[PDB]
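K.L.:
sequence? don't have it. structure:
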């Protein structure tokens with residue numbers, strides 16, 4: 001979904017897309033698409049794959065959908081690690097197991113006590129626990 005990209009990222013992508021291309025239609029050549037992607041801040045193989053995925057004309061929603069998959073993963077991983085490690089103040093990232101289970105059962109969402117016990121039995125660093133729960 002396109003809702004993963006923030007408003008600032010969408011605005012910057014639109015600004016670069018409009019600045020690279022001249023006045024007229026938003027269609028941009030595949031080589032020009034790669035040049036604009038390089039000007040916006042990837043490998044040659046990734047650029048070729050993105051050009052083949054999207055004649056030779058690329059419009060704005062196509063560029064947004066292509067960049068969302070590349071910008072979502074690392075940002076989500078970093079945000080998850082930072083948010084999981086934000087509770088404890090020790091700085092090491094490995095909080096108490098009982099405290100982590102109590103925080104997961106009391107705050108977060110709506111889950112039964114049996115489900116929390118099963119998740120604790122299936123499960124300690126915060127980022128490691130988040131990555132294990134995501135998988």
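P.N.:
Yep, that arrived. Numbers count the residues shown, from 1 in each chain.
K.L.:
against residue 11, how distant is the nearest residue to residue 65 once chain neighbours are set aside?
P.N.:
In this structure, residue 65 finds its nearest non-sequential neighbour in residue 2, 6.8 Å apart by CB to CB, 6 or more residues apart in numbering. In this view, the C-beta of every residue, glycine as well, is placed from N, C-alpha and C. Remark: distance between residue 2 and residue 11 (CB to CB, to the nearest Å) = 14 Å.
K.L.:
and stretch 47-55, which residues are buried?
P.N.:
Judged by neighbour count using 16 or more other CB atoms under 10 Å, the buried positions of stretch 47-55 are 47, 50, 51, 54.
K.L.:
now stretch 117-135
P.N.:
Residues of stretch 117-135 classed as buried by neighbour count (16+ other CB under 10 Å): 120, 126, 127, 129, 130.
K.L.:
same check, this time on stretch 25-38
P.N.:
Of the residues in stretch 25-38, 28, 30, 32, 33, 34, 36, 37 count as buried by neighbour count, 16+ other CB under 10 Å.
K.L.:
just the closest of those to residue 102, please.
P.N.:
Nearest to residue 102 out of the buried residues of stretch 25-38 is residue 37 (CB to CB; 46.1 Å).
K.L.:
secondary structure element for that closest one?
P.N.:
helix 30-39 (DSSP states H and E).
K.L.:
so what touches that helix?
P.N.:
Residues outside helix 30-39 that contact it (CB atoms under 8 Å, 6 or more residues apart in numbering) are 16-17, 20-21, 28, 47-48, 50-51, 54, 56, 58, 63, 67.
K.L.:
ok, stretch 101-119 next?
P.N.:
With CB under 8 Å, 6+ apart as the test, stretch 101-119 has contacts from 87, 120, 133.
K.L.:
one more time with 6 Å, if that's ok
P.N.:
Contacting residues not belonging to stretch 101-119 are listed as residue 120 [CB atoms under 6 Å, 6 or more residues apart in numbering].
K.L.:
biggest helix in the protein, by residue count?
P.N.:
Scanning the chain for the helix with the most residues, using DSSP state H, yields helix 60-84.
K.L.:
could you list the buried residues of that one?
P.N.:
Within helix 60-84, the residues that qualify as buried are 60, 62, 63, 64, 66, 67, 68, 71, 80, 81, 84, counting by 16+ other CB under 10 Å.
K.L.:
good, we can wrap up now.
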